[PDB]
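**Q** Here we go, the starting part of the complex in its complex frame:
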Amino acid sequence: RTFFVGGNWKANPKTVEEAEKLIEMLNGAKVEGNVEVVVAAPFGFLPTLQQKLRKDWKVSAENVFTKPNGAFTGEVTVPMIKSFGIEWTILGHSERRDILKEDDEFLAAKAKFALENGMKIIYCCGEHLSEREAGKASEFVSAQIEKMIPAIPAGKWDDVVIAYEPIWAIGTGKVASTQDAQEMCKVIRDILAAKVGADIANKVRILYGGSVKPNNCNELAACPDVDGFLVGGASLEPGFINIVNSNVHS
């Protein structure tokens, strides 16, 4: 399994000028080892990103809608994205699940549609504070995964990457250990093997999507079932290359 680092700029930066300055930096970074690098940026900066970003890396949407086009004011669609040559989208990020209130059914249709339409997806999952405390994280994460599975057409698992987000560790006052990340990534893999088979499970990159920084990326990379990262604030910083380069420790 090739190590996978997604950089999720989220709703950043503020200006097209900042985004270009940031691309320029990324374009000069010396990548060490073997690693699949994907960068997700807001819709408006996607064209400038697709054109200027180093061609050995890939550009991602941070979301897409369920339909190809239509009466969906404000929504961006898979065809629009692909029309720029963009091959990736993020789906199901906690912030969308919580703030924009995206439910599993919505996200299932989004995955089905994206995959049926040639996209590769970064599908996020993760449990909240209460299930963590109840010792019911495995169950909660299985339910999310069981909802995702029927969306994946045959022959498409090669185009699926799954990201675990320790949402219980985001704005709650609690922090996740390296052991936690390994453990939940193992939970997802085991869930895959049980439900869709070992060959699939052994090839699907599962990423840790908690807090990844230069000070922790190496230990995290070393975990056997962590295949890479969905990086947050460090996407916008020079330390992003440290994180990409943590692959040598996996």
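**A** Noted; the coordinates are in hand. Numbering: from 1, shown residues only, chains lettered A, B, ... in the order given.
**Q** Any figure for the gap between the residue nearest to residue A:132 when sequence neighbours are not counted and residue A:137?
**A** Closest residue to residue A:132 apart from its sequence neighbours, by Cβ to Cβ, 6 or more residues apart in numbering: residue A:168 at 3.7 Å. C-betas here are computed from N, CA, C, even on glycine. Distance of residue A:168 to residue A:137, given as Cβ to Cβ, to the nearest Å: 8 Å.
**Q** ok, now residue A:86?
**A** Taken as Cβ to Cβ, the span from residue A:86 to residue A:137 is 33 Å.
**Q** Repeat that for residue A:93.
**A** 18 Å.
**Q** So for the two, which residue has more residues nearby?
**A** For residue A:93 versus residue A:137, the count of surrounding residues by other Cβ atoms under 10 Å is larger for residue A:93: 27 against 21.
**Q** picking up where we left off before, which residues are in contact with both of residue A:168 and residue A:137?
**A** A:127, A:131 (Cβ atoms under 8 Å, 6 or more residues apart in numbering).
**Q** So what touches the helix or strand where residue A:90 lies?
**A** In this structure, residue A:90 sits in strand A:88-91 according to DSSP states H and E. By Cβ under 8 Å, 6+ apart, the residues outside strand A:88-91 that reach it are A:6, A:8, A:38, A:40, A:58-64, A:78, A:81, A:107, A:110-111, A:114, A:119-124, A:230.
**Q** and if we set it to 6 Å?
**A** Outside strand A:88-91, the residues within contact range by Cβ atoms under 6 Å, 6 or more residues apart in numbering are A:38, A:40, A:58, A:60-62, A:64, A:107, A:110-111, A:114, A:119-123.
**Q** Let me know the secondary structure of residue A:66.
**A** With DSSP: H, G, I helix; E, B strand; the rest coil as the basis, residue A:66 sits in coil.
**Q** throw chain B onto that model:
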Amino acid sequence: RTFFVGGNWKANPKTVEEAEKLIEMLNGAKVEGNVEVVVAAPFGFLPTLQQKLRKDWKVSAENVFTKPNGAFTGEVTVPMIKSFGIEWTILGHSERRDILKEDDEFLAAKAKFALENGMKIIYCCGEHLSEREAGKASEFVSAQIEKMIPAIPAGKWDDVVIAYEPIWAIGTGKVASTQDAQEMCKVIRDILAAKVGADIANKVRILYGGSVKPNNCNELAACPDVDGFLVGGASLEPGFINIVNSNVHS
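**A** So that you can see how it sits with the rest, here is chain B on the chains above:
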């Protein structure tokens, strides 16, 4: 009050190539009379629209988020929009209120933020099938407007355009008459005059956002309180210039 025609492409077209072909057509259209023309397009096509669209017309976002930037995966913000030179956003479109479940509080903060940050807004409102049938459209629309009013900073009403959407007439089996449009636009104006004063009310463009087509734009334009249109499917068609040019009948 200068006649105002907004073209809302919604989630269309599918490709950047189609969007450029459509801009080219728009760029050749002979505008008659006096009219303020604004074109709203999906986030990804906004750069190509800002660069190529005739400079006597203006480009619009179809939505923006409440914050300048941050942990809001998938969201586009006012600063990103303004960084391209884009001065307009649509807010509160029925499709967002319904499909993406945007409530009034959300939309109020979105208007406050946009206006405080130099944007001009097309704020949509409109009642559903049940209030229409109950004869309670005025009340329902006032509640929406009363929620919008405190968002508008002093000196900013010059940057506000309000669009009435007969949602009761969208996918319900019912059609709106020209009289209906005039009547609801008058309701909004009267609501403005009562609450924030006659001078404001007399200057705010109020638009009809129902079904506007070449076959009805002229009669609709003639209504005294209809100041223009938020155009749907006809935005994507050559008849859009007929609609822009309906201003001569107002």
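**Q** Revisit the contacts of strand A:88-91 given that chain B is now included?
**A** By Cβ atoms under 6 Å, 6 or more residues apart in numbering or on different chains, the residues outside strand A:88-91 that reach it are A:38, A:40, A:58, A:60-62, A:64, A:107, A:110-111, A:114, A:119-123.
**Q** for those, which one is nearest chain B?
**A** residue A:62 (4.6 Å; Cβ to the nearest Cβ).
**Q** hang on, residue A:94 packs against residue A:167?
**A** Yes - the pair residue A:94 / residue A:167 is scored as a contact, 4.9 Å apart, by Cβ atoms under 6 Å.
**Q** Can you pick out the residue with more neighbours from those two?
**A** Each of residue A:94 and residue A:167 has its neighbours counted (other Cβ atoms under 10 Å in any protein chain shown); residue A:167 has more, 23 against 20.
**Q** how close does that one get to residue A:214?
**A** From residue A:167 across to residue A:214, the span is 23 Å (Cβ to Cβ).
**Q** Also residue A:64?
**A** Separation of residue A:64 from residue A:214 (Cβ to Cβ): 31 Å.
**Q** and if you look at residue A:46?
**A** With distances taken as Cβ to Cβ, residue A:46 is found 27 Å from residue A:214.
**Q** Assign a three-state SS to the nearest residue to residue A:11 once chain neighbours are set aside, would you?
**A** Leaving aside its sequence neighbours, residue A:11 sits nearest to residue B:72 (Cβ to Cβ, 6 or more residues apart in numbering or on different chains; 3.9 Å). At residue B:72 the chain is in coil, as set by three-state DSSP.
**Q** what does the one 4 residues further on give?
**A** Under the three-state scheme (three-state DSSP), the conformation of residue B:76 reads as coil.
**Q** likewise residue A:39?
**A** Assignment for residue A:39 (three-state DSSP): strand.
**Q** bridging residues for it?
**A** With DSSP bridges as the criterion, residue A:39 is bridged to residue A:7, residue A:59.
**Q** Verify the contact between it and residue A:5 for me.
**A** No - Residue A:39 lies out of contact with residue A:5 (Cβ under 6 Å); the separation is 9.3 Å.
**Q** That concludes my questions; thank you for your assistance.
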